[PDB]
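Heavy atoms only: backbone and side chains are in, while hydrogens, waters and symmetry mates are out. Note on naming: letters A, B, ... go to the chains in the order of the sequence lines (proteins, then strands), and numbering restarts at 1 for each one. Remember, it's 1-based here, ligands and their atoms both numbered in the order they're listed.
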Amino acid sequence: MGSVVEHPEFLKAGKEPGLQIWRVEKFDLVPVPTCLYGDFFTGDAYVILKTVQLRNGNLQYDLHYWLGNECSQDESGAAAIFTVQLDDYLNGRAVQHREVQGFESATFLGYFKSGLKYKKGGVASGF
Amino acid sequence: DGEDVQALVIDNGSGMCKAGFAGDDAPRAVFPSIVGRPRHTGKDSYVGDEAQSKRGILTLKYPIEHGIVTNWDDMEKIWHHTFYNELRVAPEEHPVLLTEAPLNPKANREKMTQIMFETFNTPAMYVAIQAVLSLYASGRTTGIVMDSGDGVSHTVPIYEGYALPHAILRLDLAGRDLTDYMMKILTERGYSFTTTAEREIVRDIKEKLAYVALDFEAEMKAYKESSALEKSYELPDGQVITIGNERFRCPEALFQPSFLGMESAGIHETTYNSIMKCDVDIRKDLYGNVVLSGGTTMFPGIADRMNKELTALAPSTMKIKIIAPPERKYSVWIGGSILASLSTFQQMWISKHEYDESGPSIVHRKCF
Ligand SMILES: Nc1ncnc2c1ncn2[C@@H]1O[C@H](COP(=O)(O)OP(=O)(O)OP(=O)(O)O)[C@@H](O)[C@H]1O
Ligand SMILES: [Ca+2]
Ligand SMILES: [Ca+2]
Ligand SMILES: [Ca+2]
């Protein structure tokens, strides 16, 4: 009796307006170095939380799970589940979005002021 | 097999049990969900293939019917076999994830939980809906899963990670009904397939040579006129039979249940009906994420046909997408393997401590 994530990254998620990016790495949610934001390994999957300040004092959340063309099934399956978990952790308030390489929404692409970039490669599968 | 604590995953079906280790990409043990007991004497019991092979002296049963457990004593034997004969582990040393059918009865959920902690002494366990685990395995949190196995089919709309229970639909039309129907139409063709051994041969024809036509009537037509698409099949004795339009007439029963004397809607219309019971604002994301799962979705052509049928049911501008992963026989199991391997799953399990405090009814709050 309860079922609450204690992961250190959940404790940082959505604390203030901004952009947070995590990569799936062998069944874990690992922060991306902020200097690397916008560069996506096509062989991987990622979780993106965009936090916006509301006039009301509370925060708006959009959760995007990005799937590279060569990411393995454990990675795209983890990215999705982590997305559900992060939304729950945030009291259901996030709006979830599935982003596929080559087909991302304009809002998502609009988060990367200097233009999202794809690069081949990535971290090996957790299976 | 075993990271720190090694979780296990068991996907119990009406026809097959799929079991293994969290973190692997496939179930290590796949066996028939059958329990055999003596017609007369020796208490004793057999599971799976071994039950089938001594069938002439045993009374064979299926503890799961249409995805639901109907015999707990035989369900315990499947599990005992799973842990000790198939996976070779000590259940008391591993967290166990288990899967259930959509809408599983409340008392069944308790019982499963009770057996794990009291009969097997698992240190921790979890229950997950089969259809939700396939969706996850396809890398999505919103979509509709059409899951069809040996004994039951379901259409399950999911949104932001959870099934929408009011829109789930059940159809007691599946793999076994299909094998039976192929037995009957091959028998009308002029052959004879009526026994148990014959049912097994027929299941194999169904899995090797059957397919779904894109256009039923044009196909019937092409076969009425040409022989080009007929196939041979060698029986276990070396006799060879020829399969004609039975190839596609058997799985046609998924789309036309009247073929089996059933009055229900086919899988395409059941899918449509589930979508239409959901809020209009998510429907677009349902049509755009139709995931097929389970052994009975393995027929060649089924995705195209589902694509066509849904296209014909929905507004012409609706974008339809049928996703049919090559591994969809094991999607449920794989989703479970992914879920239980996550660094964040730790707190999601029901622990022994939580069981000792609330009892079996802990399952209704933890396994949502
Ligand atoms: N290649 C195939 N083509 C068509 N049918 C197949 C194929 N392979 C397996 N099936 C059928 O799939 C069924 C078993 O699939 P599955 O493991 O998904 O069902 P289950 O989980 O045991 O049953 P249920 O989900 O109804 O409880 C059997 O009817 C089997 O004949
Ligand atoms: Ca990768
Ligand atoms: Ca939400
Ligand atoms: Ca099943």
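The proximity of B:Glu207 to ligand 1, defined as any non-hydrogen pair under 4.0 Å, involves the side chain as well as the backbone. Proximity of B:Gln130 to ligand 1, defined as any heavy-atom pair under 4.0 Å, is not found for any part of the residue.
Ring orientation note: the planes of A:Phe40 and A:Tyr46 are nearly perpendicular, at an angle over 60° on the 30°/60° scale. Using cut-offs of 30° and 60° for the angle between ring planes, the B:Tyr211 and B:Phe248 rings count as tilted. Ring-plane geometry between A:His7 and A:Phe10 is classed as tilted, the angle between the planes lying from 30 to 60 degrees on a 0 to 90 degree scale.
Cation-pi geometry between B:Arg305 and B:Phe255 is met: under 6.0 angstrom from the ring centre, within 45 degrees of the axis.
Computed with the Ca ion (ligand 2) at the centre, the A:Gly43 O to A:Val123 O angle is 150°, stated to 10 degrees.
Considering backbone and side-chain N/O atoms, B:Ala174 never comes within less than 3.5 Å of an N/O atom of ligand 1. On a distance-only criterion, B:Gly294 and ligand 1 share no N/O pair closer than 3.5 Å. Taking any N or O of B:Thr179, backbone or side chain, none lies under 3.5 Å from an N or O belonging to ligand 1. Ligand 1 has a nitrogen or oxygen under 3.5 angstrom from a nitrogen or oxygen of B:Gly15. Annotation: B:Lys329 places no N or O atom under 3.5 Å from an N or O atom of ligand 1; distance criterion only. Between B:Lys206 and ligand 1, at least one N/O pair is under 3.5 Å apart.
We find that B:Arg28 and B:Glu86 are not joined by a salt bridge, their nearest charged nitrogen and carboxylate oxygen being 4.0 Å or further apart. A salt bridge is defined here as a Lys NZ or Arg NE, NH1 or NH2 lying under 4.0 Å from an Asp or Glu carboxylate O, and B:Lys208 with B:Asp204 meets this definition. Residues A:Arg98 and A:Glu104 are not paired through a salt bridge, judged by the lack of any N-O separation under 4.0 Å between the basic side chain and the carboxylate. Look at B:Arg170 and B:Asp172 and you find a salt bridge, because one of the NZ, NE, NH1 or NH2 atoms lies within 4.0 Å of a carboxylate O, short of that distance. Between B:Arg176 and B:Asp180, at least one side-chain N (NZ, or NE/NH1/NH2) sits under 4.0 Å from a carboxylate O, which counts as a salt bridge.
Atom 25 (O) of ligand 1 has as its closest protein heavy atom B:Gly149 CA, 3.6 Å. Among all non-hydrogen protein atoms, the one lying nearest atom 10 (N) of ligand 1 is B:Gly295 O, 3.3 Å. Summary of contacts: the protein heavy atom closest to atom 23 (O) of ligand 1 is B:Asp150 N, 2.8 Å.
Within A:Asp44, OD1 is the N, O or S atom that lies nearest to the Ca ion (ligand 2). The Ca ion (ligand 3) is closest to atom OE1 of B:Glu160 (considering only N, O or S atoms).
Within ligand 1, counting atoms from 1 as listed, the ones closer than 4.0 Å to a heavy atom of B:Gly151 are 23 (O), 24 (P), 26 (O). Residue B:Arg203 approaches ligand 1 through these ligand atoms, each under 4.0 Å from one of its heavy atoms: 31 (O). For ligand 1, the atoms closer than 4.0 angstrom to any heavy atom of B:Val152 are 26 (O). Residue contact check: B:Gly13 has heavy atoms under 4.0 Å from atoms 20 (P), 21 (O), 22 (O), 27 (O) of ligand 1.
A donor atom on one side chain and an acceptor atom on the other are found under 3.5 Å apart for B:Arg247 and B:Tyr223. With 3.5 Å as the limit, one finds a donor-acceptor pair spanning the side chains of A:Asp88 and B:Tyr162.
Checking side-chain atoms of B:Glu110 against main-chain N and O of B:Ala107 turns up no donor-acceptor pair under 3.5 Å.
Residue A:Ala94: an N/O/S atom is found under 3.0 Å from the Ca ion (ligand 3). Among the atoms of A:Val24, no N, O or S atom falls under 3.0 Å of the Ca ion (ligand 2). For residue A:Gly92, an N/O/S atom approaches the Ca ion (ligand 3) to within less than 3.0 Å. Taking backbone and side chain together, A:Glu70 holds no N, O or S atom under 3.0 Å from the Ca ion (ligand 2). For the Ca ion (ligand 2), the set of nearby N, O or S atoms under 3.0 Å includes none belonging to A:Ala45.
Within 6.0 Å of OH in B:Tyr159 there are 12 or fewer heavy atoms belonging to other residues, nucleotides or ligands. Around the NZ atom of B:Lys77, the shell of radius 6.0 Å holds no more than 12 heavy atoms that belong to other residues, nucleotides or ligands.
Considering only non-hydrogen atoms, atom 17 (O) of ligand 1 lies nearest to B:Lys18 out of B:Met298, B:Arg328, B:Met16, B:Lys18.
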